[PDB]
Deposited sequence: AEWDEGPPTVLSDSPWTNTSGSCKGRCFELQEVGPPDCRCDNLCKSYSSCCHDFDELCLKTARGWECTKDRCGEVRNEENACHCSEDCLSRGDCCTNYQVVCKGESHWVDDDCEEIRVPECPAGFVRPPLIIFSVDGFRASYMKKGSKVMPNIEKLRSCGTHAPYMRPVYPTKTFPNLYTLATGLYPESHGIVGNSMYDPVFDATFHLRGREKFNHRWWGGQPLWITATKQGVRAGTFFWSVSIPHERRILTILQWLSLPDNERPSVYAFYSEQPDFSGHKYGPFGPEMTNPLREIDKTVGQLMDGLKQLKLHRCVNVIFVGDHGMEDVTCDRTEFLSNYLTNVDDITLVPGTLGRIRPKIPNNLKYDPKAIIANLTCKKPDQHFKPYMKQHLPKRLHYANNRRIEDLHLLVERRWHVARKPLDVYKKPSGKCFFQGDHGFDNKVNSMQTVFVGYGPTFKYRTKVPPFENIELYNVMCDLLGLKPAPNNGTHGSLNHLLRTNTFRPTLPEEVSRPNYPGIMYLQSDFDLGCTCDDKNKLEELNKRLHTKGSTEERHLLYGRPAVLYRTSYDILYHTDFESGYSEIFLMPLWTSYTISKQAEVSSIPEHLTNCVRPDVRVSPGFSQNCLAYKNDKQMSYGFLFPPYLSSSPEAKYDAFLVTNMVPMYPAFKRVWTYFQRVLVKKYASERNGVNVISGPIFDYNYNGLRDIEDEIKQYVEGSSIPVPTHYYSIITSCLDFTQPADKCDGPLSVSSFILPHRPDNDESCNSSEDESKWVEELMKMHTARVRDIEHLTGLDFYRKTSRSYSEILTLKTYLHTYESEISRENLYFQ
């Protein structure tokens, strides 16, 4: 119970912990209905608006006013933000020319530059194009500070998952907020945007910035604001907090605006009606900077201007209905809109038939505007499966469309695949720790938690950022990364056997400098493997998993594609370097009527026939479904060369991935669940390829002087091509479309393989970390 009869005198927006039976005066009290009876009258003053006028300058201090224009207001830290402009002849911050802030210019008492996070909901990255005509203050922050052309949110591209990701550095599947709405089958309880269930701490995992700060003795302002508190009051409160005594003043602050998300939904992102909310936000930014300038803090504070996701054109007329596909939609619950999650209406309903539902949802209309996925089949880049709150059945909805259960106020929405252009949001950093007038490549919001920790002198809790990959955004306070140490050193075995030693059922009728350009990948777990050299490729062959962990080769721009001769079609030769006991056998493949096999280094690209024979080794062989082989062969035969021609050579590294429990991490042997029939050859869940070349395309891959260029993929190893609706046609009609959807970061592959790439290069380790987090989106 809360004794509401208490008072908020001298307590407005206080930062100290206060809980029942005591009554509260913090920015969250309304949300708990636990405010003192006089909170509104004493703390939410509104009288006379938010701006000084000339007829108010040097007034007698009246406590009834929202903000003040009296002589003493400055030291007391509660002037209206435009006080000195109206009353003391000063200029607005936005009318001042930019000057590089080479070091913090903070008043005495300030040990570190404070950090203010200014988050805007639904701010599409492309809104920034509207420039200073519409958003002069924001434009100044962007042009004078450090900005990215856009920032990639996490999927689903909705508010709660993204704000909590920002706060924690974690994927939703890790922090637990996997949607604005969700059902937890263990709680048997439902979380909603609106309502009280969300206030239960049991939903919220990881460790958000404010907790990290607090636990390391750094004071945080309260990040959250009750929706009824006007933005002008949030700003004044932050400014007041910054005016607090040295022993009370917080170091990190957060402002939040629900705009332009609201207007985006109502009018769509390209509506002329969008200009007005963008103007309002800029005005609020202006109040903040005017306020900091008045406090002599405008060259002391680090400001981060950041969105949670973008906004797409979505109207009533573009809605798919499950009732068009399924007979009994009243028996399922659908989490609807710009994504789909399906479960039975009655939890654990035994008649629920997901294979049948998926079958009715698969490629049933030629223009079908969604695609069903078992969650383990979703592109790995989304990192959206390893949580009990994520339904097994998912629908990835096409941009601009909605999915509903069964049969216009809105013109905009968001939620789609996070590589979609319209979902990208904004990042600008301005202040002494950020660089001056610097543009940086786009990056993912999971990286920001580490940077904010760096900005505040904190040690980050475990998270999914790659600490160091964003050092290039900072003047100082950078993080010196250290290379992880190799766990398993490789055997280099010479010949120890002869062809006569092998009973496998197989019948056949200066490498490094040229094929391993960035050093060998380090193995970061306990295991046993052999380096194998060949004329055209090198490989790290695992004696445990009976295949390479990686095969590495370089294809020159001018290199030639050859065929596999008819008599070599089914040729597999044993490898005298590797024990018969540590080899696969072709008999398992003959017996397994469903599983075929493939080669990591493509015979099609060997230099000479004597080299071709290297490719057919039993140690270059991997288990592949015929369905997948359609994809792989086309990749090996047509695409690698096309990449080599367009990029002036490519270095390729390919290999298997085992992720049977879909946690995005390298499986241990115990977790692998499928083997080639009658054998112990484990079946990969995915195959990756990492394609690297020179950023300066005028130099060949093998002779690159400077920065690298990378694209990668993690292809699902599946027994059919159901995901590809046009798979019945020629591979030139569908394979690349599939590969684009499964684009990936090198970092993703590192998590899934336990390997560490690019250890030997001429680049800084920080620059390399940036490279590993890059995602080629094809947008």
Fill in the blank from the handout: In sequence order, the deposited stretches missing their CA atoms are 1 to 15, 423 to 432, 535 to 550, 821 to 831
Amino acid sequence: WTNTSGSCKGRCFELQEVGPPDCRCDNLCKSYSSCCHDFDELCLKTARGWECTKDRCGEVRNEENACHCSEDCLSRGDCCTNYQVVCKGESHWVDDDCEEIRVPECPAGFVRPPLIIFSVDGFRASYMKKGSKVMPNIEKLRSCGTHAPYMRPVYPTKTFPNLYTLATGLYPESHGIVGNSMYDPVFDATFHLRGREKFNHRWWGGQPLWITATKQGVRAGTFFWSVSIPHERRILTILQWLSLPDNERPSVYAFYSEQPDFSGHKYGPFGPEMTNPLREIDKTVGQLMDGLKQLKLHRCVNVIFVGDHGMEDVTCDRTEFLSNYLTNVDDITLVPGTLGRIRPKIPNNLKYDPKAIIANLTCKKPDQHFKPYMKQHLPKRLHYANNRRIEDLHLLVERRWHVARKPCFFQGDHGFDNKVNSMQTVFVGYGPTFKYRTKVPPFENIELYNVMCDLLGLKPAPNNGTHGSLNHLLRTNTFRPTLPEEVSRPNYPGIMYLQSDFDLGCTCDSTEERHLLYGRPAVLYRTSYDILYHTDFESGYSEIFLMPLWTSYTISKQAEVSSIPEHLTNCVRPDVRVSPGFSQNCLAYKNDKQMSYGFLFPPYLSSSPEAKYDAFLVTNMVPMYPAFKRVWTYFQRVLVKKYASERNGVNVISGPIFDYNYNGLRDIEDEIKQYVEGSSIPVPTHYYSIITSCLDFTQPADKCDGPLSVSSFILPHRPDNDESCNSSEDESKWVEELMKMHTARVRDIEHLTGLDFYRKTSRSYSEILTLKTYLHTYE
From here on, numbers count along this sequence of modelled residues.
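The term rigid core refers to the maximal set of C-alpha atoms that superpose within 1.5 Å between the two forms.
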Practice task
Overlaying the structures in 8 other deposited structures of this protein on the rigid core, point out which of 69 to 77 and 430 to 438 has the bigger RMS C-alpha shift.
Solution key: 69 to 77
Handout entry: Between 257 to 265 and 343 to 351, larger RMS Cα displacement in 8 other deposited structures of this protein after core fit
Key = 343 to 351
Practice task
Between 633 to 641 and 310 to 318, point out the one with the higher average CA B-factor as the PDB entry records it.
Solution key: 633 to 641
Completion exercise
Averaging the C-alpha temperature factors as deposited, the higher value of 65 to 73 versus 714 to 722 falls on 65 to 73
Exercise for the section: Using the temperature factors in the entry, find which of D353, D417, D121, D702 has the highest value at its Cα atom. Expected result: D702
Handout entry: Per the PDB entry, maximal CA B factor within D667, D454, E139, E566
Key = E566
Practice task
Determine, from the deposited record, the chain-internal third of the Cα B-factor for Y497: lowest, middle or highest.
Solution key: highest
Fill in the blank from the handout: Entry-reported C-alpha B-factor of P272 relative to its chain, by third, is middle
Completion exercise
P149: C-alpha B-factor third of its chain, per the entry, is the lowest
Practice task
Determine, from the deposited record, the chain-internal third of the Cα B-factor for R489: lowest, middle or highest.
Solution key: highest
Handout entry: Chain-relative CA temperature factor third for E736
Key = middle
